[PDB]
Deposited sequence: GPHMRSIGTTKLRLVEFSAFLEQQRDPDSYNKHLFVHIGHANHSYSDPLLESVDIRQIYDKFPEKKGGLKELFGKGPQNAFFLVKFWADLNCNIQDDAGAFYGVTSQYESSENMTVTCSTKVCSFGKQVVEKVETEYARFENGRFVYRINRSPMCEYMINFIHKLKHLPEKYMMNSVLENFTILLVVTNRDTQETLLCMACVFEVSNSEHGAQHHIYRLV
């Protein structure tokens, strides 16, 4: 029973995101493979109660966060990942760009969850840069955690995409972007994953 509606006004917008493997063939030659990406306006809704068991739910958990921060800042992102790359000076990285009309100090928290339990959290703090009339927050070449590198390797070893999808049923990512000074939730993305059989795809929903 979803509702499909505009996003409306938000203090922070996600403009770009990619997760990638860059491999250096030699000092002047590099290959880059994208696993997932966004950015390269009606949204349907998803009942957040459907996903509580896939994320931590203690103090500071998804249910507490949703109850507090503005509800229009919460999204579910379904990714279809591209695993079709020949892994061989490899750098596993993420890039993202956010934009705002306000100058803020932003903290981005990325929690990796397995069977609904947090197994890694990455925390990055970003200051604004003024760029042609607005404030831009760019994360360039943020390294993956060891857990994701190992996880990608293990998935790639499986012989069929449906076996990777079964494994991915219990893997999720929770991104929470907060105003560091005020603790306001600026954006929250609860992320679920399958493997693409198409490159990579995604669909975004509003959490309600």
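*Asks:* Missing C-alpha coordinates: which residue stretches of the deposited sequence does that apply to?
*Replies:* The deposited sequence has unmodelled segments at 41-47, 96-98, 209-210.
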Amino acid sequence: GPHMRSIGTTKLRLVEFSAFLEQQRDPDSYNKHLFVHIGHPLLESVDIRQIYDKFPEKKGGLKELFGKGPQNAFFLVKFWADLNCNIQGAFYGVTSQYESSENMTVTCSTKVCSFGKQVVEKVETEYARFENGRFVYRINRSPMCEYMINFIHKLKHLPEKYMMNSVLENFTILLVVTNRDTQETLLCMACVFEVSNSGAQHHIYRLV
From here on, numbers count along this sequence of modelled residues.
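*Asks:* Return whichever of 124-132 and 79-87 has the greater mean Cα B factor according to the PDB record.
*Replies:* So the stretch with the higher mean C-alpha B-factor is 79-87.
*Asks:* Looking only at CA atoms, which has the higher mean B factor in the entry: 171-179 or 46-54?
*Replies:* The entry gives the higher C-alpha B-factor average to 46-54.
*Asks:* In terms of the chain's CA B-factor thirds, is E184 lowest, middle or highest?
*Replies:* According to the entry, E184 has a C-alpha B-factor in the chain's highest third.
*Asks:* Among all modelled residues of this chain, ranked by Cα B factor, put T110 in the bottom, middle or top third, i.e. lowest, middle or highest.
*Replies:* Lowest third, going by the recorded CA B-factors of the chain.
*Asks:* What third of its chain, lowest, middle or highest, does the C-alpha temperature factor of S96 fall into?
*Replies:* It falls in the bottom third of the chain.
*Asks:* Ranked by Cα temperature factor within the chain, is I152 in the lowest third, the middle third or the highest third?
*Replies:* It belongs to the middle third of the chain when residues are ordered by C-alpha B-factor.
*Asks:* Could you say whether, by C-alpha temperature factor, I38 belongs to the lowest, middle or highest third of its chain?
*Replies:* Middle third, going by the recorded CA B-factors of the chain.
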